[PDB]
Amino acid sequence: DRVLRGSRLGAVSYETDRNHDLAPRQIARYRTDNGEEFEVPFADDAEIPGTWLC
Amino acid sequence: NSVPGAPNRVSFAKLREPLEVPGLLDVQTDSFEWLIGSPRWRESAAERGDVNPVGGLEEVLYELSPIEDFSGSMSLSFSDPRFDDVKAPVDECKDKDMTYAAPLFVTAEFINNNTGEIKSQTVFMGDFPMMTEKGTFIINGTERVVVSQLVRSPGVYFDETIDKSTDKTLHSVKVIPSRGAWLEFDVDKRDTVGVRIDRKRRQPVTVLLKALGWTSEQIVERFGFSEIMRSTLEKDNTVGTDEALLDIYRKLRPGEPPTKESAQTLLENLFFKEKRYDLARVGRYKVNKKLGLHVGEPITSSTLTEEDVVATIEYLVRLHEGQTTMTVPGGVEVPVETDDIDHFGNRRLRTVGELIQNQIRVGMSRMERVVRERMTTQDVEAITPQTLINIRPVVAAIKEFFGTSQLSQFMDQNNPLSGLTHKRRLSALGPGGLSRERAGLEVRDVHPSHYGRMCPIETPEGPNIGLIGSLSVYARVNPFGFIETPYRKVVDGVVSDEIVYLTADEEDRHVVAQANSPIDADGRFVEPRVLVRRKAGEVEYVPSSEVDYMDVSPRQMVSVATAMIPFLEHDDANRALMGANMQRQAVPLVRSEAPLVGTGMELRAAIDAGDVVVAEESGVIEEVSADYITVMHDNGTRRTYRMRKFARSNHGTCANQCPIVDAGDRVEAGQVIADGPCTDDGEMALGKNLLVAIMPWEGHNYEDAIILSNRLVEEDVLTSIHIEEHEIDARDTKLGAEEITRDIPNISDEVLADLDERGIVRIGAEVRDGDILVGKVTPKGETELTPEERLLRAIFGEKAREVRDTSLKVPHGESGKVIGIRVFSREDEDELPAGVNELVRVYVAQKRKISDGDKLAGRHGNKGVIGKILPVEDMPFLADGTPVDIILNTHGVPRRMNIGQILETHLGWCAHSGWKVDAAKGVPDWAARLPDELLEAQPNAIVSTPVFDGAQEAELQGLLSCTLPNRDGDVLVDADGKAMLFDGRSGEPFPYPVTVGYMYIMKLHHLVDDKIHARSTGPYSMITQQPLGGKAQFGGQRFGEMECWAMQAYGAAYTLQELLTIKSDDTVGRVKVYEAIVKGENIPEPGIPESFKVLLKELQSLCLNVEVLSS
Amino acid sequence: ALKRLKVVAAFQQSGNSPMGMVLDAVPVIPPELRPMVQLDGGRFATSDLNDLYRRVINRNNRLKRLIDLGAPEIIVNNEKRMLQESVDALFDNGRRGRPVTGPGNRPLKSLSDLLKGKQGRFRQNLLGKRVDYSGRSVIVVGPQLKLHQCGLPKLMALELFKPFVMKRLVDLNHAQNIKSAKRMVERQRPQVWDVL
Amino acid sequence: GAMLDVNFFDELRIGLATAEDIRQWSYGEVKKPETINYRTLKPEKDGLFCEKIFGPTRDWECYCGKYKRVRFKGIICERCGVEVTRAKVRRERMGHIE
Amino acid sequence: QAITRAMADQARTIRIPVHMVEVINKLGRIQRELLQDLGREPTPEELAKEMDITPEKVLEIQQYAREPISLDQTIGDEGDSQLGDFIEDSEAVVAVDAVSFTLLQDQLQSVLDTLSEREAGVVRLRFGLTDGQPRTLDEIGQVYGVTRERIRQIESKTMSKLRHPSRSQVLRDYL
Ligand SMILES: [Zn+2]
């Protein structure tokens, strides 16, 4: 009925996919009130928040 | 005759026509003016039944009015619909993309009951889309045609069934209303009578009788003759009307606590109260005609009756007992017989007036619901009709009928015949009719009551055989919707001239003669036995005194399109179907030559199609140009008819009109004054006359292929004009406004040659597939740039160019001149939609010559693509020097049973070269019944053979034997119709004579330029990553299950793997195979297709733990 | 007992448990398989699963509110029945009762309707796909050809063999790179037939 | 069994999913019936389209805008919450409703 | 209050807040009452002067008041096809821009490698062609042991050398 052209609300970037030199990260460890523990990788120049939504 | 500006077309007919053909658009125009209430319909119904002249709008307003609230404190009434004038004329509405309507005014009236007040006002009820002079609506600039619809009429339908095991005859009744609740009856394998009401289980009918209020004494008194009824009264196991009423309440309504008054009034409110049950006036008339309850009374109070229910049960039990007639107490007797639901006295025609009236009624119900809602909330003494009435659901109902429905279709205009036969069409499928998948093979057949009410030939040959028909030539439509047909009344063996219109029931009652039977010059028959048509569709031999009706003419059964095939009665029915379907796919050429042998139904089908300018009053032509004719009338005034010059049709052809009068002529009223697309001097002309040979030639015409000549490309014989259009629109997006200007981002200068100072192309500039039509550039903003493009921009100094180019480019394969640019704008106060600031349409027209791949056809269903266009020197030429123009194969004639083309070829040669029958020693005995002035004819004499009364084989043999020589003494075609062709390529004559003659072939709209597409890499889909489909896109081909089975049967595994992975779904694989092909490397191995991972995500989302293992 | 022993032996022989027939956590299909796509001009298009998920989430939040508020049994039981009907209509629409309709009174397309019939995944996309490098035309008779030959029109053959002709007319130095070669092919300059 | 879907297959086993499998597949709990903000067209927080649960919309470009390169990869934006990776992980990550 | 508030909060797919739902309903009632009296559809100017706002604001409200269509209706009336299979993915990999980008990177690597080592390292660190991280002028000067004015002079000379047509033609065709 038509030739309709639609796009989702985002843009695709295309750089190289390298995995040898990345920005450094350090892993925090949050524990809920369930007795279950989760690990999230933040950045080095980043303040660790006290409560994280797991 | 009877049309004043006519070409003299001599006829072979031997019968006198008592009745002329009716107006061919009276199926549409009379129905719509019935819906309006026009004074022409008023005087017609005045002279044919003036006891109740009511239009569709007055009927809807009376059956709605008056609306009352719950307490009965006040009431609202409508009356007197009235239309204003049309706000814009037809060509202006077609050009400005606005609908063609007229305002509607209704005199409302609000009455206070207890206090006593009347507040009469005048309410505007929206704009009503009116119908033009040719039966077409105009909706948003396009031209739409609402086709008719065959539905099964409401009534009572007795039918019988035979048991498989016991082999007893089981009878059954269904009474089916409109919008009501069904109720049935039965006689089972035992002696019980079911009453299965509103699709419920079963009860004995004596339960329903007691719930209606009949005692067992009353049941044995009324049904005293019926062993079945007294047996079921013995087996009813239920006494007490209240007990039986509670029983049917419990069987009908499950889960509700039964009260006495609600259980009592449930059945009454379900059936005998007009709000929830109304078989229409047609249904009430049908019930009264079947049972015999009333005869002289006019139809009113169209709800059911307990008398009707007990008469239905009486009819059923007498049909099961085995009676043949039955008298209802209080009415005349009727015969007792089962009903056929495919009889044409049981299928009514719900035409355009009734369809639009149904949509108005649906809108008025939703309006009156909110009227009786808001009547009670806001107080009394403050309300007025203009605050009570909300016309939004009514106007939305009309708009949602005219758009987005499957009965309001796009008008199919390639030519006048297609435009005419898109109306006069009875589509049996639609809302309220049967679907396509669930339609049985019983309803798709030709019932023997279609004789004169439908065409047995013309149906679509696809998966719609029998579900779409077309009206016959002489047929009409009843006030109710039954399809009448005219018959001559013969009184005591003398055929009179008075014409009686009989529907299918009366045609079954009487006995009808045949049209080509020997009248004895006053009305008497000649032979003492007459072939007739009896009641059940049987054909007998009845003596000439029981005959009491006769047909008006032969070709009463055929349609409009089937009436233009010469020698129809020699073709087979499948090939006649293909001919009648391909006659309305022809394209308008640039020259439009009239056929050398036709039938009589060409002038009338042209001046009634509407694409021919017809003079309204007589006068003398004052000035002719290519744009207008101004006739000077007999009393002072003058009238200038404009012309449509090179206007695009719906399907992309051309709609040129050119005058055929001189600047001093005298015209009469009704005379053709200007041709159309496919007409020539008044009459229809869909093709050209081409000299044919019926030999097989070197394999180029093998299995329906055709070889032309180059003369038809040199002299522009089969050349048409096609016009496209392209549309872009500049709206205001979020980041700014789009701009139509020639300042495009990064592009060469040379592609901006033909563009003007402000965007759009100049008129006359030739375009090509890839060129710029409208230069539009959208704002982009600031995004992330790659370092490589950043370095290139810093090298060459250009800026970021913050606006993105999305122009309008002409798509692939198109070319041709630019005809006109139609540009709308916001600043000129044009009614663009929300957001659009400027819309511009560009028309590109090209002139297509004939080429191999284009599809040609004749009239008798012999189509075929063009295989090779030879040069004009290597064609088989006659002994005189004339080359032939097409060469048709001879293996497709005998096994397809269409020798209408051979007889048309012979008569075409006779009508081309002329004849003179030597009446020196009297008229010879083949021509004893030829008319006068068919004994001689000049060359290029147009003749006409009508459909079932045409030129006989003996007359064709005689006319073939006596023609007249070309220029010298040379008769090129001997008595058999065959000529001694030479061979233009090797030189020697062909060893045996070959049939030649003139055949009328036409060019079909299945052209090779519109069908070819290809794709290497284009757009891809959204959810799954497969390519798109269709020539409107780039579009890929579909490689389905059967092709997968063929590849597996071959054993090609790698071909199948690369067809299903790196060509459809391997998203990381398509770019790798493209770069490997471009760099010249080897093709990589495929990966997992995308659709399988989509499948795994759906299966995991249905709470199933699908996990793929490893080893 | 045989017809019961079928499913009882099925639950007994494996390491399955029958407790998976009731649910405590519906899963949610990822948002690229039920997309919200903006058309040309601000019209949106959703995929009818967002309505079913929205009804489940709305009724579950309302039920959490009613339970933590404290409500009578009639209200809470009606809410639980509504939540159950919503999840049933999500997994299979039109199985128990009336189908949930959208606008214009058409039934919505639930999760199980992506899988069944001729329009499902298994028959519409897994077994028969659209393909690249393909095209159609209308056939005519070629009675001078040999048995292993077919005539191909040049306008279709150019579009089918476009990457091969781009590689070859870069390698023969008719163009400098892939972009200019593609521009030359789409404008159909007359070297491309001698390459083709 | 592995789920990276590289072409080393031997089986395809279907079972009956338990709740401790569902809340081990999922990447976070969707708990609002919101899809997209009506004015700015960005996916709402904890909705049906939330980038914190289903991954980011723009390739290697987080939501609030603090990290925008391929240099930052697999890091969690401590203000907004989205991890920075490709945008094709929005067809591969599921959520759950409690 | 609870029924109308929750109908505003839940009746729509893209959620519109309560105050904008209020002004949409007010605009609808105003437009209906004006359409009844006029006998015509009211213009945005008449609606704007009625509601005491601007016609741009009226257009924005009528823009926000639109409901999405569905991807699952069969836009082919034969039922064979649905609307979701007629939409071009306008943000996909175009399969010739990727190979063109790869060839551009190859050619840029070649032209950068046909220079002096210090100038090539300066250009790579200046435009971030090493690892996608552009470096600062003082950072390049620190890691190469010279001053920032020397670094920017070397950069200007190298940019002139690359801008010269002898090295620049094979990249000039790409843009
Ligand atoms: Zn962030």
# chains A, B, ... in the order shown; residues from 1 in each chain; ligands from 1

call {"tool": "residues_near_ligand", "arguments": {"ligand": "ligand 1", "cutoff": "7 Å", "atoms": "only C-alpha atoms and all ligand atoms", "output": "list in words"}}
result
residues 62, 63, 64, 65, 66, 67, 77, 78, 79, 80, 81 and 82 of chain D

call {"tool": "residues_around", "arguments": {"residues": "residue 1060 in chain B", "least_positions_apart": "6", "cutoff": "12 Å", "atoms": "only C-alpha atoms", "output": "JSON, numbers by chain"}}
result
{"B": [1026, 1027, 1038, 1039, 1040, 1041, 1043, 1044, 1047, 1053, 1054, 1066, 1067, 1069, 1070, 1086, 1087, 1088, 1089, 1090, 1091, 1092], "C": [125, 126, 127, 128, 129, 130, 131, 132]}

call {"tool": "write_last_selection", "arguments": {"atoms": "N, CA, C and O atoms", "output": "CSV table (one decimal), in the first residue's frame"}}
result
chain,number,residue,atom,x,y,z
B,1026,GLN,N,15.5,-10.1,7.0
B,1026,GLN,CA,15.4,-10.6,5.7
B,1026,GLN,C,15.1,-9.5,4.7
B,1026,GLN,O,14.8,-8.4,5.1
B,1027,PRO,N,15.4,-9.6,3.4
B,1027,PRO,CA,15.1,-8.6,2.5
B,1027,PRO,C,13.6,-8.3,2.3
B,1027,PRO,O,12.8,-9.2,2.6
B,1038,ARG,N,11.2,-14.8,-3.5
B,1038,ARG,CA,10.9,-15.7,-2.4
B,1038,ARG,C,11.3,-17.1,-2.7
B,1038,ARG,O,11.0,-17.6,-3.8
B,1039,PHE,N,12.0,-17.7,-1.8
B,1039,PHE,CA,12.6,-19.1,-2.0
B,1039,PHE,C,12.0,-20.0,-1.0
B,1039,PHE,O,12.5,-20.2,0.1
B,1040,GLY,N,10.8,-20.6,-1.4
B,1040,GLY,CA,10.0,-21.3,-0.4
B,1040,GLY,C,10.3,-22.7,-0.2
B,1040,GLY,O,11.3,-23.3,-0.5
B,1041,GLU,N,9.3,-23.4,0.4
B,1041,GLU,CA,9.4,-24.8,0.8
B,1041,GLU,C,9.6,-25.7,-0.4
B,1041,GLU,O,10.4,-26.6,-0.3
B,1043,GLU,N,10.8,-25.1,-3.3
B,1043,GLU,CA,12.2,-24.9,-3.9
B,1043,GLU,C,13.2,-25.5,-3.0
B,1043,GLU,O,14.2,-26.1,-3.5
B,1044,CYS,N,13.0,-25.5,-1.7
B,1044,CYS,CA,13.9,-26.2,-0.8
B,1044,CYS,C,13.9,-27.7,-1.0
B,1044,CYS,O,14.9,-28.4,-0.9
B,1047,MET,N,15.8,-28.5,-4.2
B,1047,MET,CA,17.2,-28.5,-4.0
B,1047,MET,C,17.7,-29.7,-3.2
B,1047,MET,O,18.8,-30.2,-3.5
B,1053,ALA,N,23.7,-29.3,-1.4
B,1053,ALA,CA,23.7,-28.8,0.0
B,1053,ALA,C,24.3,-27.4,0.2
B,1053,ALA,O,23.8,-26.6,0.9
B,1054,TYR,N,25.4,-27.2,-0.6
B,1054,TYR,CA,26.0,-25.9,-0.4
B,1054,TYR,C,25.2,-24.7,-1.0
B,1054,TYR,O,25.2,-23.6,-0.5
B,1066,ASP,N,22.2,-14.0,7.7
B,1066,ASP,CA,23.5,-13.9,8.4
B,1066,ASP,C,24.0,-12.5,8.3
B,1066,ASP,O,24.6,-12.0,7.3
B,1067,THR,N,23.7,-11.7,9.4
B,1067,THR,CA,23.9,-10.3,9.4
B,1067,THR,C,25.3,-9.9,9.3
B,1067,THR,O,25.7,-8.9,8.7
B,1069,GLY,N,27.4,-11.9,8.0
B,1069,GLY,CA,27.9,-12.6,6.9
B,1069,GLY,C,27.7,-11.9,5.6
B,1069,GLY,O,28.5,-12.1,4.6
B,1070,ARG,N,26.7,-11.1,5.5
B,1070,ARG,CA,26.4,-10.4,4.2
B,1070,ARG,C,27.4,-9.4,3.9
B,1070,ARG,O,27.8,-9.2,2.7
B,1086,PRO,N,29.4,-19.7,6.2
B,1086,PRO,CA,28.2,-19.0,6.8
B,1086,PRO,C,28.2,-19.2,8.3
B,1086,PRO,O,29.0,-20.0,8.9
B,1087,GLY,N,27.3,-18.5,9.0
B,1087,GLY,CA,27.0,-18.6,10.4
B,1087,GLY,C,25.6,-18.9,10.7
B,1087,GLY,O,24.8,-19.2,9.8
B,1088,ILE,N,25.2,-18.8,11.9
B,1088,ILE,CA,23.8,-19.1,12.3
B,1088,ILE,C,22.9,-18.0,11.8
B,1088,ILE,O,23.2,-16.8,12.1
B,1089,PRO,N,21.8,-18.3,11.2
B,1089,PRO,CA,20.8,-17.3,10.7
B,1089,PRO,C,20.1,-16.6,11.8
B,1089,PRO,O,20.0,-17.1,12.9
B,1090,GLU,N,19.7,-15.4,11.5
B,1090,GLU,CA,19.1,-14.5,12.6
B,1090,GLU,C,17.7,-15.0,13.0
B,1090,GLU,O,17.4,-14.8,14.2
B,1091,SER,N,17.0,-15.6,12.1
B,1091,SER,CA,15.6,-16.0,12.5
B,1091,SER,C,15.6,-17.1,13.4
B,1091,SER,O,14.6,-17.3,14.2
B,1092,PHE,N,16.6,-18.0,13.5
B,1092,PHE,CA,16.7,-19.0,14.5
B,1092,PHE,C,16.9,-18.4,15.9
B,1092,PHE,O,16.4,-18.9,16.8
C,125,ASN,N,9.3,-17.9,8.0
C,125,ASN,CA,10.7,-17.3,8.0
C,125,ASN,C,11.8,-18.3,8.2
C,125,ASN,O,12.9,-18.0,7.8
C,126,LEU,N,11.5,-19.5,8.8
C,126,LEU,CA,12.6,-20.5,9.0
C,126,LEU,C,12.8,-21.4,7.8
C,126,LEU,O,13.9,-21.8,7.5
C,127,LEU,N,11.7,-21.7,7.0
C,127,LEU,CA,11.8,-22.6,5.9
C,127,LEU,C,11.9,-21.9,4.6
C,127,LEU,O,12.5,-22.4,3.6
C,128,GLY,N,11.2,-20.8,4.4
C,128,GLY,CA,11.2,-20.0,3.2
C,128,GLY,C,11.5,-18.6,3.4
C,128,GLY,O,10.7,-17.8,4.0
C,129,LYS,N,12.6,-18.1,2.8
C,129,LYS,CA,13.1,-16.7,3.0
C,129,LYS,C,13.2,-16.0,1.7
C,129,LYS,O,13.2,-16.6,0.7
C,130,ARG,N,13.1,-14.7,1.8
C,130,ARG,CA,13.5,-13.8,0.7
C,130,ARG,C,15.0,-13.9,0.5
C,130,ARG,O,15.8,-14.1,1.5
C,131,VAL,N,15.5,-13.7,-0.7
C,131,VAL,CA,16.9,-13.9,-0.9
C,131,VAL,C,17.4,-12.7,-1.7
C,131,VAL,O,16.7,-12.0,-2.5
C,132,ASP,N,18.7,-12.3,-1.6
C,132,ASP,CA,19.4,-11.4,-2.4
C,132,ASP,C,19.8,-12.1,-3.7
C,132,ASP,O,19.7,-13.3,-3.8

call {"tool": "select_by_dssp", "arguments": {"residues": "chain A", "states": "strand (DSSP E or B)", "output": "PyMOL selection string"}}
result
chain A and resi 5-7+25-31+37-43

call {"tool": "interface_residues", "arguments": {"of": "chain E", "to": "chain D", "cutoff": "7 Å", "atoms": "only C-alpha atoms", "output": "ChimeraX atom specification"}}
result
/E:14-16

call {"tool": "write_last_selection", "arguments": {"atoms": "C-alpha atoms", "output": "mmCIF file, in the first residue's frame"}}
result
data_model
loop_
_atom_site.group_PDB
_atom_site.id
_atom_site.type_symbol
_atom_site.label_atom_id
_atom_site.label_comp_id
_atom_site.auth_asym_id
_atom_site.auth_seq_id
_atom_site.Cartn_x
_atom_site.Cartn_y
_atom_site.Cartn_z
ATOM 1 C CA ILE E 14 3.264 6.570 25.068
ATOM 2 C CA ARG E 15 2.162 8.076 28.359
ATOM 3 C CA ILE E 16 0.986 11.693 28.305
#

call {"tool": "closest_atom_pairs", "arguments": {"of": "chain C", "to": "chain B", "cutoff": "8 Å", "atoms": "only C-alpha atoms", "output": "tab-separated table"}}
result
residue	atom	partner	partner_atom	distance
C:26	CA	B:1103	CA	7.5
C:27	CA	B:1101	CA	5.7
C:28	CA	B:1101	CA	6.3
C:29	CA	B:1101	CA	5.6
C:30	CA	B:1097	CA	7.9
C:32	CA	B:1023	CA	7.0
C:33	CA	B:1023	CA	5.8
C:34	CA	B:1023	CA	7.7
C:35	CA	B:1023	CA	7.6
C:41	CA	B:733	CA	7.5
C:91	CA	B:1102	CA	6.8
C:111	CA	B:1102	CA	7.1
C:112	CA	B:1102	CA	7.9
C:121	CA	B:1095	CA	7.2
C:125	CA	B:1091	CA	6.8
C:126	CA	B:1091	CA	6.4
C:127	CA	B:1041	CA	6.0
C:128	CA	B:1040	CA	3.9
C:129	CA	B:1039	CA	5.6
C:130	CA	B:1038	CA	4.5
C:131	CA	B:1064	CA	5.2
C:132	CA	B:1063	CA	5.3
C:133	CA	B:1016	CA	4.5
C:134	CA	B:1015	CA	5.7
C:135	CA	B:1014	CA	4.1
C:136	CA	B:1012	CA	5.7
C:137	CA	B:1012	CA	4.7
C:138	CA	B:853	CA	6.5
C:139	CA	B:853	CA	7.4
C:140	CA	B:867	CA	5.6
C:141	CA	B:867	CA	6.2
C:142	CA	B:700	CA	7.3
C:143	CA	B:699	CA	6.0
C:156	CA	B:1014	CA	5.6
C:159	CA	B:1014	CA	6.0
C:160	CA	B:1016	CA	5.3
C:161	CA	B:1016	CA	7.5
C:162	CA	B:1016	CA	7.0
C:163	CA	B:1078	CA	6.0
C:164	CA	B:1078	CA	6.7
C:166	CA	B:1078	CA	7.1
C:167	CA	B:1078	CA	5.2
C:186	CA	B:770	CA	7.9
C:187	CA	B:770	CA	7.5

call {"tool": "write_last_selection", "arguments": {"atoms": "N, CA and C atoms", "output": "short mmCIF file (atom, residue, chain, number, x, y, z; two decimals), in the first residue's frame"}}
result
data_model
loop_
_atom_site.label_atom_id
_atom_site.label_comp_id
_atom_site.auth_asym_id
_atom_site.auth_seq_id
_atom_site.Cartn_x
_atom_site.Cartn_y
_atom_site.Cartn_z
N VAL C 26 7.03 -14.00 35.17
CA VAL C 26 6.94 -14.02 33.70
C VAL C 26 8.21 -13.40 33.13
N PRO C 27 8.77 -13.92 32.05
CA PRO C 27 9.89 -13.24 31.39
C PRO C 27 9.41 -12.31 30.28
N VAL C 28 10.29 -11.38 29.91
CA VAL C 28 9.97 -10.33 28.96
C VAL C 28 10.90 -10.46 27.76
N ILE C 29 10.32 -10.55 26.57
CA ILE C 29 11.00 -10.70 25.29
C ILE C 29 11.78 -9.41 25.03
N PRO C 30 12.97 -9.45 24.40
CA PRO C 30 13.81 -8.26 24.33
C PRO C 30 13.24 -7.19 23.42
N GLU C 32 14.00 -5.38 20.93
CA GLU C 32 14.16 -5.29 19.49
C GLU C 32 13.30 -6.29 18.75
N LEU C 33 12.63 -7.18 19.47
CA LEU C 33 11.68 -8.10 18.87
C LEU C 33 10.25 -7.64 19.03
N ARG C 34 10.02 -6.54 19.73
CA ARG C 34 8.72 -5.89 19.81
C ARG C 34 8.92 -4.39 19.67
N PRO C 35 9.36 -3.93 18.51
CA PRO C 35 9.93 -2.59 18.41
C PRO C 35 8.87 -1.51 18.37
N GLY C 41 7.14 11.01 9.65
CA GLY C 41 6.19 12.05 9.98
C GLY C 41 5.56 11.90 11.35
N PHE C 91 0.04 -15.25 27.06
CA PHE C 91 0.68 -16.45 26.53
C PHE C 91 -0.10 -17.02 25.35
N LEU C 111 1.81 -14.20 22.18
CA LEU C 111 3.09 -14.86 21.98
C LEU C 111 2.94 -16.16 21.20
N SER C 112 1.87 -16.91 21.45
CA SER C 112 1.70 -18.17 20.75
C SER C 112 1.27 -17.99 19.31
N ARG C 121 6.46 -18.31 12.55
CA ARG C 121 7.90 -18.32 12.31
C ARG C 121 8.31 -19.55 11.51
N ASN C 125 9.35 -17.85 8.00
CA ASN C 125 10.69 -17.30 8.02
C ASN C 125 11.79 -18.32 8.20
N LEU C 126 11.51 -19.49 8.75
CA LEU C 126 12.58 -20.45 8.95
C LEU C 126 12.78 -21.37 7.77
N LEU C 127 11.72 -21.69 7.03
CA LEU C 127 11.83 -22.59 5.90
C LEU C 127 11.87 -21.88 4.56
N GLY C 128 11.16 -20.77 4.41
CA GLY C 128 11.20 -20.04 3.17
C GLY C 128 11.50 -18.57 3.36
N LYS C 129 12.62 -18.10 2.82
CA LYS C 129 13.08 -16.75 3.04
C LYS C 129 13.15 -15.98 1.73
N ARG C 130 13.12 -14.66 1.82
CA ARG C 130 13.52 -13.84 0.70
C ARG C 130 15.03 -13.92 0.54
N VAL C 131 15.52 -13.74 -0.68
CA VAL C 131 16.94 -13.85 -0.95
C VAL C 131 17.43 -12.66 -1.75
N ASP C 132 18.70 -12.31 -1.55
CA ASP C 132 19.39 -11.38 -2.42
C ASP C 132 19.80 -12.08 -3.71
N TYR C 133 20.27 -11.28 -4.67
CA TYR C 133 20.73 -11.73 -5.99
C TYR C 133 19.64 -12.52 -6.71
N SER C 134 18.54 -11.84 -7.01
CA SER C 134 17.40 -12.50 -7.60
C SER C 134 16.58 -11.50 -8.39
N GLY C 135 15.73 -12.02 -9.28
CA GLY C 135 14.88 -11.15 -10.07
C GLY C 135 13.91 -11.96 -10.90
N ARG C 136 12.92 -11.26 -11.45
CA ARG C 136 11.88 -11.84 -12.28
C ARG C 136 11.82 -11.15 -13.62
N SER C 137 11.26 -11.86 -14.60
CA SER C 137 10.77 -11.26 -15.83
C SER C 137 9.74 -12.20 -16.42
N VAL C 138 9.37 -11.95 -17.67
CA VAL C 138 8.36 -12.73 -18.36
C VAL C 138 9.04 -13.43 -19.53
N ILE C 139 8.82 -14.73 -19.66
CA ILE C 139 9.59 -15.56 -20.57
C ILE C 139 9.00 -15.51 -21.97
N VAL C 140 9.88 -15.56 -22.97
CA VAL C 140 9.52 -15.73 -24.37
C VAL C 140 10.38 -16.87 -24.91
N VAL C 141 10.08 -17.28 -26.13
CA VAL C 141 10.66 -18.49 -26.69
C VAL C 141 11.93 -18.14 -27.46
N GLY C 142 12.96 -18.95 -27.27
CA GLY C 142 14.30 -18.67 -27.74
C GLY C 142 14.85 -19.68 -28.72
N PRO C 143 14.15 -19.97 -29.80
CA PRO C 143 14.42 -21.19 -30.57
C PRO C 143 15.72 -21.25 -31.34
N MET C 156 18.68 -6.53 -16.29
CA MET C 156 18.61 -7.39 -15.12
C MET C 156 19.98 -7.97 -14.79
N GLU C 159 22.22 -5.48 -12.81
CA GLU C 159 21.86 -5.38 -11.41
C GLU C 159 22.18 -6.65 -10.64
N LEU C 160 22.12 -7.82 -11.28
CA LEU C 160 22.51 -9.04 -10.59
C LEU C 160 24.02 -9.12 -10.40
N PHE C 161 24.80 -8.78 -11.43
CA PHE C 161 26.25 -8.91 -11.38
C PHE C 161 26.96 -7.61 -11.01
N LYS C 162 26.27 -6.67 -10.37
CA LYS C 162 26.88 -5.41 -9.94
C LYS C 162 28.17 -5.48 -9.11
N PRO C 163 28.34 -6.36 -8.10
CA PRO C 163 29.63 -6.36 -7.41
C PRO C 163 30.78 -6.91 -8.24
N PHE C 164 30.52 -7.92 -9.07
CA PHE C 164 31.55 -8.45 -9.95
C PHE C 164 31.99 -7.41 -10.97
N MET C 166 31.75 -4.18 -10.58
CA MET C 166 32.45 -3.12 -9.86
C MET C 166 33.91 -3.49 -9.61
N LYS C 167 34.16 -4.73 -9.21
CA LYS C 167 35.53 -5.19 -9.03
C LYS C 167 36.31 -5.16 -10.34
N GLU C 186 25.68 2.78 -11.81
CA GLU C 186 24.31 3.27 -11.70
C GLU C 186 23.97 4.35 -12.71
N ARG C 187 24.95 5.05 -13.26
CA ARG C 187 24.66 5.95 -14.37
C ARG C 187 24.77 5.27 -15.73
#

call {"tool": "interface_residues", "arguments": {"of": "chain A", "to": "chain B", "cutoff": "10 Å", "atoms": "only C-alpha atoms", "output": "list in words"}}
result
residues 1, 2, 3, 4, 5, 6, 7, 8, 11, 13, 14 and 15 of chain A

call {"tool": "closest_residue", "arguments": {"among": "C:185, C:36, C:19, C:196", "to": "chain A", "atoms": "only C-alpha atoms"}}
result
C:36

call {"tool": "select_by_dssp", "arguments": {"residues": "range 18-153 of chain E", "states": "alpha helix (DSSP H)", "output": "ChimeraX atom specification"}}
result
/E:18-38,44-51,55-64,97-113,117-127,137-144,148-153

call {"tool": "residues_around", "arguments": {"residues": "range 912-920 of chain B", "least_positions_apart": "3", "cutoff": "12 Å", "atoms": "only C-alpha atoms", "output": "PyMOL selection string"}}
result
chain B and resi 595-597+689-691+904-909+923-928+930+932-943+955-967+970-973+996-1000
